[PDB]
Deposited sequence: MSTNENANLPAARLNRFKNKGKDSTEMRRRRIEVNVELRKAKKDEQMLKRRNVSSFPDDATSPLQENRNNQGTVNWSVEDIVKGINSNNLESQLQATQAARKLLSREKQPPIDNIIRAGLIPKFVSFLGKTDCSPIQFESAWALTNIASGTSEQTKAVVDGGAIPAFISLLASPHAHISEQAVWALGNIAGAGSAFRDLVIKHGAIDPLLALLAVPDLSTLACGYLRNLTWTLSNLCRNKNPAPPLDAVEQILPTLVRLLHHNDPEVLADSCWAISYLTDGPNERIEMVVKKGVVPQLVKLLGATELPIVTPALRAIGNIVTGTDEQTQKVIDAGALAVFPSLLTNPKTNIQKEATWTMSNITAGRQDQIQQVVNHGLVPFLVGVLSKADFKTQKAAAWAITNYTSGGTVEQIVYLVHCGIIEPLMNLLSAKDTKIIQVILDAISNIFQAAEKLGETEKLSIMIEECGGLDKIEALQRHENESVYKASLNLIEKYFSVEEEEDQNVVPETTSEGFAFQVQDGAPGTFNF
């Protein structure tokens, strides 16, 4: 969604605004201090607000020199300037990150993780996050070069609060990029190795560390059940439900994404989210002023209403059915679509009593109103739900009350209209209901 994939560091009048040919001249001199000044000039060009000249720097053949400067243990300032220059190259397009990787940067950044200068190992952390951020293959190449052990060692402190706050936020972000992307997902053993440090970051009290830790957890739960399970067995679901309640939207967004992923897994995994209390935050989520939260919260509901009857029952007992009626009545169209699915899944799996309750909450009229939509998938969905609700009505002998109700509010006028609908599944279902109940 919205965590940044790559980040440029954009944070001595002698090195302001040099031309690239001057930078090349300094870097080719045989003089370490001249090389240092010219590298800092390159860093300033790459750090400016607007259009840093990344392609010109690459075209000038500078990356291999910067990369040999990362090895200059005797001259920490040039390690730091070149680490920052290369971080900012690796922040651009794929092909710009690839040029940094192709110069041999990855093992050179990984040696700088051990640097005694915090500003330098922090830039090395940042660079490796931009490299992993370019894609699965570079992510796994960073891993194969052994980045994870020295990354985690930087967080191996009794209390995360003693680390500088910018430094901890860089580390958390780079670790979330090692959890990100999917074809393929990160190696199972790398995920196992990273998870305990993640679970600890998710209890930290910095809002940016919290947001990025939750994004990492959301990546790790976005996959098959086996991937969800390794996160859920670490016991993080209660902490995630707590963060779902936070005031800051950059924290709610990824906590909700992770919870929404966890409930696409097994009924047992979906239960952990119910047991942890998640359903009590849904009245707010489903009325959230941020349309993406309301949309995701409703998709999350639809995967819970696709659960067992005792799970549909918890949705009922938390008072969430009137909130689904609310979202079906008035919401962004994409959220109404998600609510339509949530209703169809509810009616497909719920008992007679649970389905009757839905009609008592006023599901019928906003469902019919949506039969007007120019979206032929939601029409299938609704017709499906109507058919399901009729079926429960038959089992009580009340089919006629429902028909009157559907007709009462303009419904029949649209199930009829939809027999001449240019999709096949549509008019089938239509015709069926019309002749089966009207």
ask   = Which deposited-sequence positions, grouped into ranges, are missing C-alpha coordinates?
value = 1-43, 55-69, 497-529
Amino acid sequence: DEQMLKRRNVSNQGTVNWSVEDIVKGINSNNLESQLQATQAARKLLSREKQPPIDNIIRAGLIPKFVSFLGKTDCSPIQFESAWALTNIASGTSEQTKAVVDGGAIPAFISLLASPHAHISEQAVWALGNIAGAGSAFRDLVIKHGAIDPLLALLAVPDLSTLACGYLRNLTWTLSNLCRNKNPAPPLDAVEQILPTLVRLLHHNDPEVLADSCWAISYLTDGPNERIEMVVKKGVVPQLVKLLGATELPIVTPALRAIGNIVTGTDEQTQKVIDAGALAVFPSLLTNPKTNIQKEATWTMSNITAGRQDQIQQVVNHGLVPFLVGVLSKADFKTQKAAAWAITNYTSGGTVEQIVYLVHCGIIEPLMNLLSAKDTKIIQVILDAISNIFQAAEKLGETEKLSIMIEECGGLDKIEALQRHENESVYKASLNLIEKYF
From here on, numbers count along this sequence of modelled residues.
key: 62-70 versus 379-387 - greater average Cα B-factor per the deposited record   = 379-387
request  = State which stretch shows the higher mean Cα B factor in the entry: 255-263 or 330-338.
outcome  = 330-338
note = Listed options 122, 102, 365, 208: highest C-alpha B factor recorded at 365
remark   = Assert third(CA B-factor, residue 312) within chain per record equals middle
ask   = Taking the entry's C-alpha B-factors for this chain, is residue 347 in the lowest, middle or highest third?
value = highest
Within-chain third of residue 355 by Cα B-factor, per the entry = highest
inquiry  = Can you tell me whether residue 233 has a C-alpha B-factor in the lowest, middle or highest third compared with the other modelled residues of the same chain?
reply    = highest
Among modelled residues of the same chain, the CA temperature factor third for residue 34 = lowest
